[PDB]
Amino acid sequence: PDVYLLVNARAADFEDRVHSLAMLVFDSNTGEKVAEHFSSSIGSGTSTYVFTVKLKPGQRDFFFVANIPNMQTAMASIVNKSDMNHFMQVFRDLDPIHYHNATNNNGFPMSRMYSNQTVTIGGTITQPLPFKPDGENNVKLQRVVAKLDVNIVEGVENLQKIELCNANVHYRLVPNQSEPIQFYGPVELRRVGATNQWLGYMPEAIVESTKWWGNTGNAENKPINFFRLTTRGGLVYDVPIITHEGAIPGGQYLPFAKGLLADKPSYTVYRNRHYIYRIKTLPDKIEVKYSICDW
């Protein structure tokens, strides 16, 4: 007795485009592949896919992978759930252009997985049952990168350039449990037109919480991500990137971020989060305000 499922998927506008989407479904217990589907947009670029799939009922693990080169071919070498999990765990080198931007034809890798979903009997090919992953209405894809958003609220006349340093070389389609093994060279951020906003992107990067700025065991402070501001005077400022919700201990971002206080930050950069800096460039110093939010 079958199930017809209506799958609605979307990213959680080059940053939002989903050019291809693979769905692979496995029996949660046996690991058998029980359904798969591939979608692509000839163009110009959609952010959502809606489609119907037929499968047998039971307990199912759903895997969604977007914007992976030749994912359709890859699906044939994913025979069972064990293969599928290995595939999700691969360290993949981020396309060089993606530290700067997604493009019209090359979107950010995205994924999502939902385990042990109860798929019940029913639906028809014309009237399918809506797929409700973990009770939600939509499949919500997570980008594998974070967005770095640097805004010069004052003193942009003094700015020569901004670079993202120690970015992870690799992304992973499921969250990282270990620090990066390899690091990308410096990325000069891209100015949004003639505004005072600079952008870049980088893969998720785990940093052990036993480390802090100036105490990583590494002269370059790897694996801590930071951005470097260079002024026309040739002054340089390094701003470590952290993940911190709520009020900053001591009220000043830089001393906290630089590991100068008893409380140390988390330096992990998480996928699909938005790191926003508001910077004032004064003659002899900078001031930095910070927030982290969803993308």
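Just count from 1 along the sequence shown to find any residue number.
**Student:** Does the chain run continuously from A12 to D13, or are deposited residues unmodelled in between? Answer none, 1 to 3, 4 to 9, or 10 or more.
**Tutor:** 10 or more residues are missing.
**Student:** Taking the mean of the C-alpha B-factors per stretch from the entry, tell me the winner out of 228-236 and 37-45.
**Tutor:** Between 228-236 and 37-45, it is 37-45.
**Student:** Which is higher in the entry, the mean Cα B factor of 53-61 or that of 245-253?
**Tutor:** Comparing 245-253 with 53-61, the higher mean C-alpha B-factor belongs to 245-253.
**Student:** According to the Cα B-factor stored in this entry, which of the following is highest: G200, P223, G155, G185?
**Tutor:** Out of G200, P223, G155, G185, the record gives the largest C-alpha B-factor to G155.
**Student:** Between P180, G122, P109, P96, which carries the biggest CA temperature factor in the record?
**Tutor:** The record points to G122.
**Student:** What third of the chain does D263 rank in for C-alpha temperature factor, lowest, middle or highest?
**Tutor:** It falls in the top third of the chain.
**Student:** Split the chain's modelled residues into thirds by Cα B-factor; is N67 in the lowest, middle or highest one?
**Tutor:** It belongs to the lowest third of the chain when residues are ordered by C-alpha B-factor.
**Student:** Hey, what third does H100 fall into on Cα B-factor, ranked over its chain?
**Tutor:** Answer is middle: the recorded C-alpha B-factor places it there.
**Student:** If you rank the chain by CA B-factor, which third does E163 end up in: lowest, middle or highest?
**Tutor:** Tercile = middle for this residue's CA B-factor.
**Student:** Can you work out whether the C-alpha temperature factor of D149 puts it in the lowest, middle or highest third of the chain?
**Tutor:** Middle third, going by the recorded CA B-factors of the chain.
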